[PDB]
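**Student:** One structure coming up, written as structure tokens, with questions to follow.
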Amino acid sequence: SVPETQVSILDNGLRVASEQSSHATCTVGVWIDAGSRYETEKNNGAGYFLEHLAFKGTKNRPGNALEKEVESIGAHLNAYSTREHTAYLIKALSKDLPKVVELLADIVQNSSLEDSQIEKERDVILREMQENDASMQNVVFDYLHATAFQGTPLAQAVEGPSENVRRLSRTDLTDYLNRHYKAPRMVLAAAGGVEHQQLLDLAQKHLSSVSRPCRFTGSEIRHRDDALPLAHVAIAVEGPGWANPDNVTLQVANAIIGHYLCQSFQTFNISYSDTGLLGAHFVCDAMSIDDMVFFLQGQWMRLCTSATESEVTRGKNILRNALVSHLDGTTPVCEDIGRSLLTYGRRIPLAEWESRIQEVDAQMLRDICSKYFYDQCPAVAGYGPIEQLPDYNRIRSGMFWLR
Amino acid sequence: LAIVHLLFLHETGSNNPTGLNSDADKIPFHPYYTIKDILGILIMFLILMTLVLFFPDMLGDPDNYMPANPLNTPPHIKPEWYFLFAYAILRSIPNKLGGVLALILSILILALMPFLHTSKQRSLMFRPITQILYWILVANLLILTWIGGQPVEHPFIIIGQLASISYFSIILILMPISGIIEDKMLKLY
Ligand code: HEM
């Protein structure tokens, strides 16, 4: 009896979905199908820099008076950008539902990009990037994306290269804004104490104006810097995509893999439009580097060859307990709702997820794992003291067993 | 002794043709220098089987197909070709003992070789004068191999005497002096 997420797309193309909950606090967001994948290397940081500029004032609400409004009701304002999606979300009370929607309308259209601000946000972005290098796992995952999707718009980062950041102007931004902010590529998602008819009327009142070959590459990239205390290594293979159901099975396998040797093991299934990265990013000391790998590759081949029913049942329980991702909290659900409408075109209910989980057994798990892991060329990204990290022949030979 | 040879080497690792410290660029051996050794084994087997199955007597002597006659001496006595360089040296020195000693030194001069290195560069990749001296050394080693074959008569003898003098003078004298000159050219000496 999962609460349905009623959806009401506009003629402009603005899908308006919402799910009501007891919480008297509601989270409302706008999702846009626009990321670094839609950028063409001349505007590689346009989405990030617009995400910085989007809260610095609009035409109707000039400057900090705008954020004074979102202080006045005590609401929280957040935004994020990925390689495929951009989100602007507000967590507020239920009774403040209209003005929040109106605020979101300004943020998506009628936004004002001040030239003064552009220089200030350039120094912010430039500096952050100049210090972003500090976060290793971000460096390793960016390296993995670059070496796995070389020559494609999926290699380039969300932030872009410092070059573009410095070389960006209002008009360029205006373009990205006027090009990738179309109404049919937009979802107004609401979760929590909201009524769907009131939210649909508010979307009709404001926001009714919005205008109406991906390739994986196996490659060894190695950023060696021996002064760092720890090494971060990510190994991935090509993922299926958003719409392919065996993702669910792969999620179970990821669960079964879990994390057993050197510290900081983990597993990811990053999905983009009919592509993705499925793999693991461990981080460790000089010696463990290899074994962990060796360790890690063995587990993958075990999931390709010797999966039993007990670990499959454990992975199914871990995945179901992971449906808590949906939970009931306004934010997470809203977020989930946001993607559902952008990626699948519909909100998949938790009962359908439970059905797709319970149809997974050990035989189809090792079949799908052999389809996606066995004898595949991986993408490897290492950063730190990575001399004992094995080169591409040893990893590629560890991607299969002679028995 | 080859096992001891391999041990005394792994303690230090193999050298590279540039002669520099290759610690920044090292790779595994299983997939990179194993298939390379397998290919070299295949090529060496090709040369060995075309030596056996097609020209089985181009390197041996025909007179070894006669039985050993103590009464009959052959008109010309040789060892097999790889002893020739030494044979030449032995024949060159007039004194019997001298010949034996020089002969031994011929092989031993090599052992003496690590104490004659006077250059600040390990390899000859960046050392052209000592490269020229090295190829002259290979040249008169081939000359000594030829002379051994030739019988005792003019002018094979003189060549043998010179070739031996040039061999010992290039290994003993000319290469360290050339290495000093090469260090002087790079503003090192
Ligand atoms: C019984 C005959 C010999 C065999 C089978 C033999 C075999 C080998 C092998 C397998 C290696 C390592 C791979 C390579 O060759 O590069 C090697 C290295 C070496 N051998 Fe020998 N060897 C022999 C005689 C000699 C002799 C007589 C010397 C000295 C004159 C010598 C000096 C070396 C040196 C210096 C290395 C290290 C080469 C480098 O890494 O640059 N070996 N040997």
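Just so it is clear, chain B uses Swiss-Prot numbers, and the residues here are 192-380, in order.
Note that Cβ sites are derived from N, Cα and C of the backbone, with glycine treated the same way.
Here's the feature list from Swiss-Prot:
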BINDING   B:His201  ubiquinone binding site
TRANSMEM  B:224-246  transmembrane segment
TRANSMEM  B:289-307  transmembrane segment
TRANSMEM  B:319-339  transmembrane segment
TRANSMEM  B:349-370  transmembrane segment
**Student:** Between the transmembrane segment (B:289-307) and the transmembrane segment (B:349-370), are there three or more CB pairs that fall under 8 A, provided the residues in each pair are separated by 6 or more in sequence?
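**Tutor:** Contact confirmed: at least 3 Cβ pairs fall under 8 Å.
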**Student:** For B:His201 (ubiquinone binding site), just count the other CB atoms lying within 10 A of its CB, please.
**Tutor:** 8
**Student:** Reduce the DSSP letter at B:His201 (ubiquinone binding site) to three states and note it down.
**Tutor:** helix
